[PDB]
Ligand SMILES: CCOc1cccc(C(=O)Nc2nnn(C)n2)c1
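Have a look below at one chain only, the form solved without the named molecule, in structure tokens format.
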């Protein structure tokens, strides 16, 4: 593993956290109180790719399980979904676009663009209790920005 993983949680610009409501499904909602234990933890991994000044290609893989987020088409329409990869070959310094997310920085906020489908980032619904998905709507009404936070052990 000539790479470097990084434990970290993800919160939207509204302060809501992401929770694994199902096996291959995540939900963004107001999490607080002891129910806080329902917070997920992704392990980012700085991989190789088009390195720029703000674009930092990485890979989000659940720390607990080997499920890596991936952007796949669902009827000619891009979408976000979890896919179990190889616990032996991953994490690796090289990753397919599906698992590569260009972490961009804009106004102290983060933006993950699907290395596979540019212009499509990870967005959430301001609505309460709503599955996370891939959307092609910069700002506007959908929340595409995010906020990562390093965690310790």
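Numbering follows the first chain given and starts at 1.
Form deposited with the named molecule bound: not shown, discussed below.
A residue is said to contact a partner when one of its heavy atoms sits within 4.5 Å of a partner heavy atom; residue 131 meets this definition for the named molecule in the entry with it bound. Under a 4.5 angstroms non-hydrogen atom cutoff, the named molecule in the entry with it bound lacks residue 85 among its neighbouring residues.
Residues 69, 80, 81, 82 are the members of 65-86 with a non-hydrogen atom no more than 4.5 angstroms from the named molecule in the entry with it bound.
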